[PDB]
>>> print(open('upload15.csv').read())   # CSV, N, CA and C atoms
chain,number,residue,atom,x,y,z
A,1,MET,N,188.1,113.4,156.2
A,1,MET,CA,187.0,113.4,155.2
A,1,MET,C,187.5,114.1,153.9
A,2,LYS,N,187.4,113.4,152.8
A,2,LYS,CA,187.8,113.9,151.5
A,2,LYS,C,186.5,114.3,150.7
A,3,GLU,N,186.6,115.5,150.1
A,3,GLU,CA,185.5,116.1,149.4
A,3,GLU,C,185.3,115.4,148.1
A,4,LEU,N,184.0,115.1,147.8
A,4,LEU,CA,183.7,114.5,146.5
A,4,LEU,C,183.2,115.6,145.6
A,5,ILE,N,183.9,115.9,144.5
A,5,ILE,CA,183.5,117.0,143.6
A,5,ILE,C,182.4,116.5,142.7
A,6,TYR,N,181.7,117.4,142.0
A,6,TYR,CA,180.6,117.0,141.2
A,6,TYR,C,180.9,117.3,139.7
A,7,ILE,N,180.7,116.4,138.8
A,7,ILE,CA,180.7,116.6,137.4
A,7,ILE,C,179.2,116.6,137.0
A,8,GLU,N,178.7,117.7,136.4
A,8,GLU,CA,177.3,117.9,136.1
A,8,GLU,C,176.9,116.9,135.0
A,9,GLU,N,175.8,116.3,135.1
A,9,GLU,CA,175.3,115.3,134.2
A,9,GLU,C,175.1,116.0,132.8
A,10,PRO,N,175.7,115.5,131.8
A,10,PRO,CA,175.6,116.1,130.5
A,10,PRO,C,174.2,115.9,129.9
A,11,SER,N,173.8,116.8,129.0
A,11,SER,CA,172.5,116.8,128.3
A,11,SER,C,172.7,116.5,126.8
A,12,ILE,N,172.0,115.6,126.3
A,12,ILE,CA,172.0,115.2,124.9
A,12,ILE,C,170.9,115.9,124.1
A,13,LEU,N,171.2,116.6,123.1
A,13,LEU,CA,170.2,117.4,122.3
A,13,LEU,C,169.3,116.4,121.5
A,14,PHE,N,168.2,116.9,121.1
A,14,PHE,CA,167.2,116.1,120.4
A,14,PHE,C,166.6,117.0,119.3
A,15,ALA,N,165.4,116.6,118.8
A,15,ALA,CA,164.8,117.3,117.8
A,15,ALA,C,164.3,118.7,118.3
A,16,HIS,N,164.3,119.7,117.3
A,16,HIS,CA,164.0,121.1,117.6
A,16,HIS,C,165.1,121.7,118.4
A,17,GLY,N,166.2,121.0,118.6
A,17,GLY,CA,167.3,121.5,119.4
A,17,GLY,C,167.1,121.4,120.9
A,18,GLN,N,166.1,120.6,121.4
A,18,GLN,CA,165.8,120.4,122.8
A,18,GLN,C,166.8,119.4,123.4
A,19,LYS,N,167.5,119.8,124.4
A,19,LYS,CA,168.5,118.9,125.1
A,19,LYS,C,167.9,118.4,126.4
A,20,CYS,N,168.0,117.1,126.6
A,20,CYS,CA,167.6,116.4,127.8
A,20,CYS,C,168.7,115.5,128.3
A,21,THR,N,168.5,114.8,129.4
A,21,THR,CA,169.5,113.9,130.0
A,21,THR,C,169.3,112.5,129.6
A,22,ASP,N,168.1,112.0,130.0
A,22,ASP,CA,167.7,110.6,129.7
A,22,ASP,C,167.5,110.4,128.2
A,23,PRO,N,167.9,109.4,127.6
A,23,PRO,CA,167.5,109.0,126.2
A,23,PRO,C,166.0,108.9,126.1
A,24,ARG,N,165.3,108.3,127.1
A,24,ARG,CA,163.9,107.9,127.0
A,24,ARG,C,163.1,109.2,127.0
A,25,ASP,N,163.3,110.1,127.9
A,25,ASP,CA,162.4,111.3,128.0
A,25,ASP,C,162.6,112.2,126.8
A,26,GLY,N,163.8,112.4,126.4
A,26,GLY,CA,164.1,113.2,125.2
A,26,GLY,C,163.4,112.6,124.0
A,27,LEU,N,163.5,111.3,123.8
A,27,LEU,CA,162.9,110.7,122.7
A,27,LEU,C,161.4,110.8,122.7
A,28,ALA,N,160.8,110.5,123.9
A,28,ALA,CA,159.3,110.5,124.0
A,28,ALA,C,158.8,111.9,124.0
A,29,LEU,N,159.6,112.9,124.2
A,29,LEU,CA,159.1,114.3,124.3
A,29,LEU,C,159.3,115.0,122.9
A,30,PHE,N,160.5,115.0,122.4
A,30,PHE,CA,160.8,115.8,121.2
A,30,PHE,C,161.1,114.9,120.0
A,31,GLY,N,161.4,113.7,120.1
A,31,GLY,CA,161.7,112.8,119.0
A,31,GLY,C,163.1,112.8,118.6
A,32,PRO,N,163.5,112.0,117.6
A,32,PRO,CA,164.9,111.8,117.2
A,32,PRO,C,165.3,113.0,116.3
A,33,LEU,N,166.6,113.1,116.1
A,33,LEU,CA,167.2,114.2,115.3
A,33,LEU,C,166.7,114.2,113.9
A,34,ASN,N,167.1,113.2,113.1
A,34,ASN,CA,166.8,113.2,111.7
A,34,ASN,C,165.6,112.3,111.4
A,35,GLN,N,164.9,112.7,110.3
A,35,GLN,CA,163.7,112.0,110.0
A,35,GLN,C,164.1,110.9,108.9
A,36,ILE,N,163.9,109.7,109.2
A,36,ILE,CA,163.9,108.6,108.3
A,36,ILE,C,162.4,108.3,108.0
A,37,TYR,N,162.1,108.0,106.8
A,37,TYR,CA,160.7,107.8,106.4
A,37,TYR,C,160.1,106.5,106.9
A,38,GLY,N,160.9,105.6,107.3
A,38,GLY,CA,160.4,104.3,107.8
A,38,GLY,C,161.5,103.3,107.8
A,39,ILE,N,161.2,102.1,108.3
A,39,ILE,CA,162.1,101.0,108.4
A,39,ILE,C,161.5,99.8,107.5
A,40,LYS,N,162.2,99.5,106.4
A,40,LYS,CA,161.8,98.3,105.7
A,40,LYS,C,162.5,97.1,106.2
A,41,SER,N,161.9,96.5,107.2
A,41,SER,CA,162.5,95.4,108.0
A,41,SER,C,162.7,94.2,107.1
A,42,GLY,N,163.9,93.6,107.2
A,42,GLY,CA,164.1,92.3,106.7
A,42,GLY,C,164.3,91.3,107.8
A,43,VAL,N,163.7,90.1,107.6
A,43,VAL,CA,163.6,89.1,108.7
A,43,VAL,C,164.2,87.8,108.1
A,44,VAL,N,165.2,87.2,108.7
A,44,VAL,CA,165.8,86.0,108.3
A,44,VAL,C,165.6,85.0,109.5
A,45,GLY,N,164.7,84.1,109.3
A,45,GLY,CA,164.4,83.1,110.3
A,45,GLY,C,163.4,82.2,109.9
A,46,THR,N,163.0,81.3,110.8
A,46,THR,CA,161.9,80.3,110.5
A,46,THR,C,160.6,81.0,110.4
A,47,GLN,N,159.5,80.3,110.1
A,47,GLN,CA,158.2,80.8,110.0
A,47,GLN,C,157.7,81.2,111.4
A,48,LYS,N,158.0,80.4,112.4
A,48,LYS,CA,157.7,80.7,113.8
A,48,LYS,C,158.4,81.9,114.2
A,49,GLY,N,159.7,82.1,113.9
A,49,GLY,CA,160.5,83.3,114.2
A,49,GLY,C,159.9,84.5,113.5
A,50,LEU,N,159.4,84.4,112.3
A,50,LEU,CA,158.8,85.5,111.6
A,50,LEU,C,157.5,85.9,112.3
A,51,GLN,N,156.7,84.9,112.7
A,51,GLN,CA,155.5,85.2,113.4
A,51,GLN,C,155.8,85.9,114.7
B,1,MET,N,146.9,91.8,49.8
B,1,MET,CA,146.0,91.9,50.9
B,1,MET,C,146.2,90.8,51.9
B,2,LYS,N,147.4,90.9,52.5
B,2,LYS,CA,147.8,89.9,53.6
B,2,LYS,C,147.1,90.3,54.9
B,3,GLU,N,146.7,89.3,55.6
B,3,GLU,CA,146.0,89.6,56.9
B,3,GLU,C,147.0,90.1,57.9
B,4,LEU,N,146.6,91.2,58.6
B,4,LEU,CA,147.3,91.7,59.7
B,4,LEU,C,146.6,91.5,61.0
B,5,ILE,N,147.1,90.5,61.8
B,5,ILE,CA,146.4,90.2,63.0
B,5,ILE,C,146.6,91.3,64.1
B,6,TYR,N,145.7,91.3,65.1
B,6,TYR,CA,145.8,92.1,66.2
B,6,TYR,C,146.0,91.3,67.5
B,7,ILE,N,147.0,91.8,68.3
B,7,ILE,CA,147.3,91.2,69.6
B,7,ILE,C,146.8,92.2,70.6
B,8,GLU,N,146.0,91.8,71.6
B,8,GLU,CA,145.4,92.7,72.5
B,8,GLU,C,146.4,93.3,73.4
B,9,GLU,N,146.2,94.5,73.8
B,9,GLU,CA,147.2,95.2,74.7
B,9,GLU,C,147.2,94.5,76.0
B,10,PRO,N,148.4,94.1,76.5
B,10,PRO,CA,148.5,93.6,77.9
B,10,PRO,C,148.5,94.6,78.9
B,11,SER,N,147.8,94.3,80.0
B,11,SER,CA,147.5,95.3,81.1
B,11,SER,C,148.5,95.0,82.2
B,12,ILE,N,149.2,96.1,82.6
B,12,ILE,CA,150.2,96.0,83.7
B,12,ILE,C,149.4,96.3,85.0
B,13,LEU,N,149.6,95.5,86.1
B,13,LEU,CA,149.0,95.7,87.3
B,13,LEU,C,149.5,96.9,88.1
B,14,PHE,N,148.7,97.4,89.0
B,14,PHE,CA,149.1,98.6,89.8
B,14,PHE,C,148.5,98.3,91.2
B,15,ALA,N,148.5,99.3,92.1
B,15,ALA,CA,148.1,99.2,93.4
B,15,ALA,C,146.6,98.9,93.4
B,16,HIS,N,146.2,98.2,94.5
B,16,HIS,CA,144.8,97.8,94.7
B,16,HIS,C,144.2,96.8,93.6
B,17,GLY,N,145.1,96.2,92.8
B,17,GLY,CA,144.7,95.3,91.8
B,17,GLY,C,144.1,95.9,90.6
B,18,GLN,N,144.4,97.2,90.3
B,18,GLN,CA,143.8,97.9,89.2
B,18,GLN,C,144.8,97.8,88.0
B,19,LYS,N,144.3,97.2,86.9
B,19,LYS,CA,145.1,97.1,85.7
B,19,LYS,C,144.8,98.2,84.7
B,20,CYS,N,145.9,98.8,84.2
B,20,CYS,CA,145.8,99.8,83.2
B,20,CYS,C,146.9,99.6,82.2
B,21,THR,N,146.7,100.0,80.9
B,21,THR,CA,147.7,99.8,79.9
B,21,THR,C,148.9,100.7,80.1
B,22,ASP,N,148.6,102.0,80.3
B,22,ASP,CA,149.7,103.0,80.4
B,22,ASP,C,150.3,103.0,81.8
B,23,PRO,N,151.6,102.8,81.9
B,23,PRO,CA,152.2,102.9,83.3
B,23,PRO,C,152.0,104.2,83.9
B,24,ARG,N,152.1,105.3,83.1
B,24,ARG,CA,151.9,106.6,83.7
B,24,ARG,C,150.5,106.9,84.3
B,25,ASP,N,149.5,106.6,83.5
B,25,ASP,CA,148.1,106.8,83.9
B,25,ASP,C,147.7,105.8,85.0
B,26,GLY,N,148.2,104.6,84.9
B,26,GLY,CA,148.0,103.6,86.0
B,26,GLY,C,148.6,104.0,87.3
B,27,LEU,N,149.8,104.6,87.2
B,27,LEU,CA,150.5,105.0,88.4
B,27,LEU,C,149.8,106.2,89.1
B,28,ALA,N,149.5,107.2,88.2
B,28,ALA,CA,148.8,108.4,88.8
B,28,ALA,C,147.4,108.0,89.3
B,29,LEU,N,146.7,107.1,88.7
B,29,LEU,CA,145.4,106.7,89.1
B,29,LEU,C,145.4,105.9,90.4
B,30,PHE,N,146.3,104.9,90.5
B,30,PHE,CA,146.3,103.9,91.6
B,30,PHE,C,147.5,103.8,92.4
B,31,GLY,N,148.7,103.9,91.8
B,31,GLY,CA,149.9,103.9,92.5
B,31,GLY,C,150.7,102.6,92.4
B,32,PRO,N,152.0,102.6,92.9
B,32,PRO,CA,152.8,101.5,92.8
B,32,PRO,C,152.3,100.3,93.7
B,33,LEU,N,152.8,99.1,93.4
B,33,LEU,CA,152.4,97.9,94.1
B,33,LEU,C,152.8,97.9,95.5
B,34,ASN,N,154.1,98.2,95.8
B,34,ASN,CA,154.6,98.2,97.2
B,34,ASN,C,154.8,99.6,97.7
B,35,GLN,N,154.7,99.8,99.0
B,35,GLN,CA,154.8,101.1,99.6
B,35,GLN,C,156.2,101.2,100.4
B,36,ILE,N,157.2,101.6,99.7
B,36,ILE,CA,158.4,102.1,100.3
B,36,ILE,C,158.1,103.4,101.0
B,37,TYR,N,158.6,103.6,102.2
B,37,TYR,CA,158.2,104.8,103.0
B,37,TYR,C,158.8,106.1,102.5
B,38,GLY,N,160.0,106.0,101.9
B,38,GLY,CA,160.6,107.2,101.4
B,38,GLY,C,161.9,106.9,100.8
B,39,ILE,N,162.5,107.9,100.1
B,39,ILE,CA,163.8,107.8,99.5
B,39,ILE,C,164.8,108.6,100.3
B,40,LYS,N,165.8,108.0,100.9
B,40,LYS,CA,166.9,108.7,101.6
B,40,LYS,C,167.9,109.1,100.5
B,41,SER,N,167.6,110.1,99.8
B,41,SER,CA,168.4,110.5,98.6
B,41,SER,C,169.8,110.8,99.1
B,42,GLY,N,170.8,110.2,98.4
B,42,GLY,CA,172.2,110.6,98.5
B,42,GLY,C,172.7,111.2,97.2
B,43,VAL,N,173.5,112.3,97.3
B,43,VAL,CA,173.9,113.0,96.1
B,43,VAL,C,175.4,113.2,96.2
B,44,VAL,N,176.2,112.7,95.2
B,44,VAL,CA,177.6,112.9,95.0
B,44,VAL,C,177.8,113.8,93.8
B,45,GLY,N,178.4,114.9,94.0
B,45,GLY,CA,178.6,115.9,92.9
B,45,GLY,C,179.1,117.2,93.4
B,46,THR,N,179.2,118.2,92.5
B,46,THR,CA,179.6,119.5,92.9
B,46,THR,C,178.5,120.2,93.7
B,47,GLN,N,178.9,121.4,94.3
B,47,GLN,CA,177.9,122.2,94.9
B,47,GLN,C,176.9,122.7,94.0
B,48,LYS,N,177.3,123.1,92.8
B,48,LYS,CA,176.4,123.5,91.7
B,48,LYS,C,175.5,122.3,91.4
B,49,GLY,N,176.1,121.1,91.3
B,49,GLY,CA,175.3,119.9,91.0
B,49,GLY,C,174.3,119.7,92.1
B,50,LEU,N,174.7,119.9,93.4
B,50,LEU,CA,173.8,119.7,94.5
B,50,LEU,C,172.6,120.7,94.4
B,51,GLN,N,172.9,122.0,94.1
B,51,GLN,CA,171.9,123.0,93.9
B,51,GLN,C,170.9,122.6,92.8
>>> encode(input="upload15.csv", output="structure tokens")
Amino acid sequence: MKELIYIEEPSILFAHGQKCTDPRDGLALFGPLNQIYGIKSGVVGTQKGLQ
Amino acid sequence: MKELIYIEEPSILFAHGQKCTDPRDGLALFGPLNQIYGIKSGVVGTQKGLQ
């Protein structure tokens, strides 16, 4: 039997300096790092695609 | 005594369909036509220039 070593799961920091593992939970808890004021979306497609 | 005609001041539109002659007063009163969410300002220059 060969021993399986462990590499600890890294944590990615988020807003306010709060570090979590999953992207989803960190984003839904503390929010993203930098504040962009919004997204001015541009859409290139048909009218049905735009709808 | 030559006749001097008058041409009526043209009104520039603003937010909510409110027309005012002065761009400054119309902007302060009603605001721009479209709502960009913010300005992601970028500055190239010296540190004194940044300050």
>>> closest_atom_pairs(input="upload15.csv", of="chain A", to="chain B", cutoff="8 Å", atoms="all atoms listed in the file", output="CSV")
residue,atom,partner,partner_atom,distance
A:36,C,B:38,CA,6.9
A:37,C,B:37,C,4.6
A:38,N,B:37,CA,5.1
A:39,N,B:37,CA,6.7
A:40,N,B:37,N,6.9
>>> closest_residue(input="upload15.csv", among="B:50, B:20, B:1, B:13", to="residue 33 (chain B)", atoms="only C-alpha atoms")
B:13
>>> atom_distance(input="upload15.csv", atom1="CA of residue 42 (chain A)", atom2="CA of residue 42 (chain B)")
21.6 Å
>>> select_by_dssp(input="upload15.csv", residues="chain A", states="helix (DSSP H, G or I)", output="ChimeraX atom specification")
/A:15-17,23-30,47-50
>>> atom_distance(input="upload15.csv", atom1="atom C of residue 29 (chain A)", atom2="atom C of residue 16 (chain A)")
9.9 Å
>>> atom_distance(input="upload15.csv", atom1="CA of residue 11 (chain A)", atom2="atom C of residue 23 (chain A)")
10.5 Å
>>> select_by_dssp(input="upload15.csv", residues="chain B", states="strand (DSSP E or B)", output="list in words")
residues 12, 13, 19 and 20 of chain B
>>> residues_around(input="upload15.csv", residues="residue 14 (chain B)", least_positions_apart="3", cutoff="12 Å", atoms="only C-alpha atoms", output="number ranges by chain")
B: 11, 17-35
